[PDB]
Amino acid sequence: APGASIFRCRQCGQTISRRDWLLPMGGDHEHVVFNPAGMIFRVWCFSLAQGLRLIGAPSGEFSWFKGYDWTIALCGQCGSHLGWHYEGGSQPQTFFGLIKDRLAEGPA
Ligand SMILES: O=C1CC[C@H](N2Cc3c(OCc4ccc(CN5CCOCC5)cc4)cccc3C2=O)C(=O)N1
Ligand SMILES: [Zn+2]
Numbered sequence: 016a017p018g019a020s021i022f023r024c025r026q027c028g029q030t031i032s033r034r035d036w037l038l039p040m041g042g043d044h045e046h047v048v049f050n051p052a053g054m055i056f057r058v059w060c061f062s063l064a065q066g067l068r069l070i071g072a073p074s075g076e077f078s079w080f081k082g083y084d085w086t087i088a089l090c091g092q093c094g095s096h097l098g099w100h101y102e103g104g105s106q107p108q109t110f111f112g113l114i115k116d117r118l119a120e121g122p123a
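FYI, the numbering for the sequence shown is 16 to 123, going by the authors' numbering.
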């Protein structure tokens, strides 16, 4: 009964990621960040995620992670904004920054 091992979309229950997949970027999986619109996000970095829909082409504008371009990551099921896919960087080349409070943690 591994009780807190997967992350689902809080809105619809789509399978998104796993506690096992948390990635400490610059020493911490958690990054508290603000966009140009002044919205605060508690971002959890994951090496891997699924069940998302990545919108458009990458942009480096206002990237919170040096060397990485982002794409908006929506829940592929309900279209809720869950965070961003990061690419074009180094070690790793790619990862997901997901908004912690938009995910529900629960058993495998
Ligand atoms: O890593 C990341 C992931 C993406 C994330 N971003 C960028 C971003 C935007 O970025 C496009 C954009 C940015 C700025 C403007 C207009 N300016 C002009 C001067 O500054 C204030 C208003 C228009 C469009 C537009 C809307 C939301 C976000 C958002 O959440 C972020 O910040 N860092
Ligand atoms: Zn959803």
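Quick reminder that beta carbons are idealized off the backbone N, C-alpha and C, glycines included.
{"query": "Identity of the residue in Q65, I55, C90 and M40 nearest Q106 by Cα", "result": "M40"}
{"query": "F80 CB to nearest heavy atom of ligand 1 below 8 Å", "result": "yes"}
{"query": "Distance cut-off 8 Å: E76 Cβ against heavy atoms of ligand 1", "result": "yes"}
{"query": "Cβ-Cβ distance between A52 and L113 below 9 Å", "result": "no"}
{"query": "Status (buried if at least 16 other CB within 10 Å, exposed otherwise) for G103", "result": "exposed"}
{"query": "According to DSSP, residues forming a beta bridge with residue 129", "result": "Outside the modelled stretch of the chain, which goes from 16 to 123, sits residue 129, for which no answer is possible."}
{"query": "For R34, the three-state DSSP class (helix, strand or coil)", "result": "helix"}
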